[PDB]
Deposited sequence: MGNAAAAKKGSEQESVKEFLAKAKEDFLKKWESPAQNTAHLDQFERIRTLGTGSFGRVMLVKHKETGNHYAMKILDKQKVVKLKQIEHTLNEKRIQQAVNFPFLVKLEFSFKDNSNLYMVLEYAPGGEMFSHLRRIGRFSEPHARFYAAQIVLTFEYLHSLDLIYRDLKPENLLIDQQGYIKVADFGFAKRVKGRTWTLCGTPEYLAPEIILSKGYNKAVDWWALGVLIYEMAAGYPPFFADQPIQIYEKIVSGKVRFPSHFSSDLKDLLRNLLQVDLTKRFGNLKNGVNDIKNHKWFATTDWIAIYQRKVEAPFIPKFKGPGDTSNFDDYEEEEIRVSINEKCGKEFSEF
């Protein structure tokens, strides 16, 4: 408790200085060369690039400014860049550079060579509890960090977790992250992962991330999420019902932890009580977890990637840059 308090107070000082004075326009597209397209997002693509001068590799997220305004995602995109450039933690993807041109926003991000946890999870089916526990522990520590900065993440799911060269997790995509004291209201995130108070238009706080952790651990350990259906509105009905069925292979400790994370009552949800994150860290399902060893990356990982590509292939298309500046006013602080 005594040193964790001073760790977090120094981390908050570091964060606030960058939050109040964000880095802006720290690179240009011509400094980078495309290797391959890594995936696609709501407003554009993610590409693996090499820095021509240094040789370093990065993931470059490209956002079409016109698609962002049209999807009314301007403030979320501004949130995303300002927050991600200001945070620093072992399990968060770093935002190394950002810039814009006439058509697009560019976020040059730390590259995770192991690819998407989503791909690995779907391919193998489900993770063992020890393997799921190893990843869950990194999310617990990351949320403890982020929440101490008054940040809510709001989009925890396998799709947003990457595997690095050591087999550890990196949280990518701050597209819905938000700095708020108190409560917020935006219906956003992914249906399967939405806490009930998001659906019920009640206002909500950082406790929604602890709920999403429950959904994540369940999906890693079961191979499917606790609430699924063909259409989002049927998913929402199961979420507010407050009924979870567990596979028979789930341990009692796992079921107990999940009942306390997938807790509809905010005054009872783990992570939201007087002891905060310590109710999670001291839960019996985490009995084998050395929390400091996880933070220091001294624990053996469930699997190590092998760099040479069993990653997904995408068609390579040109990055179109209009001769006329688009949406300049909306994105002036980016």
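Novice: Tell me which segments of the deposited chain sequence are not represented by C-alpha atoms in this structure.
Specialist: The deposited sequence has unmodelled segments at 1-12, 321-325.
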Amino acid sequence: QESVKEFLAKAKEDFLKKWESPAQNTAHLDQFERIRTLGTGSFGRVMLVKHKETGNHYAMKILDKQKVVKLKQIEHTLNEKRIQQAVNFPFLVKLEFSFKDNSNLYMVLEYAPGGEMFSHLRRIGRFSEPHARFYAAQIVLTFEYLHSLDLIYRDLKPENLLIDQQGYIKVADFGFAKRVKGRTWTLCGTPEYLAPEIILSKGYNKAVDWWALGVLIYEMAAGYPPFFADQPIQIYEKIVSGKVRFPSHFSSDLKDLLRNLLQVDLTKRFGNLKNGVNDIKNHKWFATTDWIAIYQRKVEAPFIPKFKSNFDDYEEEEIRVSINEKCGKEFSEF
From here on, numbers count along this sequence of modelled residues.
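Novice: Would 2-10 or 324-332 have the larger average of its C-alpha temperature factors, as given in the entry?
Specialist: Per the PDB entry, the higher value belongs to 2-10.
Novice: Between 225-233 and 86-94, which has the higher average C-alpha B-factor in the PDB entry?
Specialist: Averaged over C-alpha atoms, the B-factors run higher in 225-233.
Novice: Out of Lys202, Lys178, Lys255, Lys170, which shows the largest CA B-factor listed in the entry?
Specialist: If I rank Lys202, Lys178, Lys255, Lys170 by C-alpha B-factor, first place goes to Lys202.
Novice: Per the entry's values, where does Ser251 land by CA temperature factor relative to the rest of its chain, in the lowest, middle or highest third?
Specialist: It belongs to the middle third of the chain when residues are ordered by C-alpha B-factor.
Novice: Relative to the other modelled residues of the same chain, rank the CA B-factor of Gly242 and answer lowest, middle or highest third.
Specialist: Within its chain, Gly242 is a highest-third residue by C-alpha B-factor, going by the deposited values.
Novice: Using the B-factors in the PDB entry, rank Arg123's C-alpha atom against the chain and give the third, lowest, middle or highest.
Specialist: Middle third of the chain for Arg123's C-alpha B-factor.
Novice: Can you tell me which third, lowest, middle or highest, the CA B-factor of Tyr58 falls into for its chain?
Specialist: Middle third by C-alpha B-factor.
Novice: Considering only modelled residues of the same chain, in which third does the CA B-factor of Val49 rank: lowest, middle or highest?
Specialist: For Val49, whose C-alpha B-factor we compare with every modelled residue in the chain, the answer is the lowest third.
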